[PDB]
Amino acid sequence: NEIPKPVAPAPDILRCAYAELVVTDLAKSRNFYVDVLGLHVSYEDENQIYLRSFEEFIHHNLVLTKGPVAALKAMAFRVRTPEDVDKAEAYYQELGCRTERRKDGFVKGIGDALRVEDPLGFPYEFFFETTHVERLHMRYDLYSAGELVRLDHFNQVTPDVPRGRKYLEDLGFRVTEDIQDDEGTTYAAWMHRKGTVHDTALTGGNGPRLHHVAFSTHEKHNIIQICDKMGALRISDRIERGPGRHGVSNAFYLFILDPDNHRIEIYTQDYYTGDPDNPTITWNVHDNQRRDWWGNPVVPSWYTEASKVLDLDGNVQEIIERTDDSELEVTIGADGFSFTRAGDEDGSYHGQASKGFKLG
């Protein structure tokens, strides 16, 4: 059932800015994000760790908060002006959503902020005010071989992609790429504000769940180094999928799992989307180059596993099951199909994955 376009104007969203993840063991989480991945500590105490990427000047891109159940607490977007926080509040109130306004913020280093339970059940934050910190972009004395340089995007699991897509377009996101079939089903959509391929994305599945948070590197070798280091630390079992080249987005990528199974993507070298008529690319769901351009198989956990999200009271949001077709099932499941070249039987896969594999 369609989400109506408010009469109230949408807040002017700049970009994704930070995520707040609830973690069960703060020290174990710190080891992963600081010792393994090299993120920079803006502040920490016994309850939280505030982390930022190499080129960031706002206070943080990730807040790790100790709690009893691992989950997304907030995905936060920065808006253009202080007045845009009021616009966000009016907009979501018109949508009939639950909102909470804190003039001095929900986390350290953020000022006036609005959190909402959005129409898809996700906890979004909108803020302008943030404490500036030392921008480390030329601190090559600190630069890691695997350095994470920016926060790039979020990716959300939701059962009805077109419903969510309309809502995000009304909010001002522009769809850059999607995955559909020839029977009218949408499996995934990518959408932006900042002029990269995306600031968030929708992946079809049971939800609301958080699929991943993505950080950028400068170069491909930086992503390779993360893999290599994970090998050396004998934690290659925490490499979920990749490294690879995406079809959708054209970015070089890697998916890894934190200690609470929150999925983190490392990402580089997508393209510019800032023109308002940026061409929107649709891939067919059976195209075996759409997710991994090299045709490597998508690991099944990528389609089945994702993080819980919290409501504004701190309780886990109920999951609504997807009724639309499953991307897993139609591509790599027993009745699935994929191709390398459209219309060619040679290099096609029937009821299994590419490269000689089946689902475990």
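Numbering starts at 1 and follows the sequence shown.
In this entry, 84-92 has the higher mean Cα B-factor, the comparison being between 280-288 and 84-92. As listed in the deposited structure, the average C-alpha B-factor of 312-320 and of 43-51 is greater for 312-320. When the C-alpha B-factors of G242, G231, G146, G184 are read from the PDB record, the largest value belongs to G184. Sorting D141, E169, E219, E125 by the CA temperature factor given in the entry leaves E169 at the top. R30: CA B factor lies in the middle third for its chain, per the PDB record. Among the modelled residues of its chain, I256 has a C-alpha B-factor that falls in the lowest third according to the deposited record. The entry lists a Cα temperature factor for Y349 that places it in the highest third of the chain's modelled residues. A10: CA B factor lies in the highest third for its chain, per the PDB record. Ranked within its chain, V330 lands in the middle third, by CA B factor from the PDB record.
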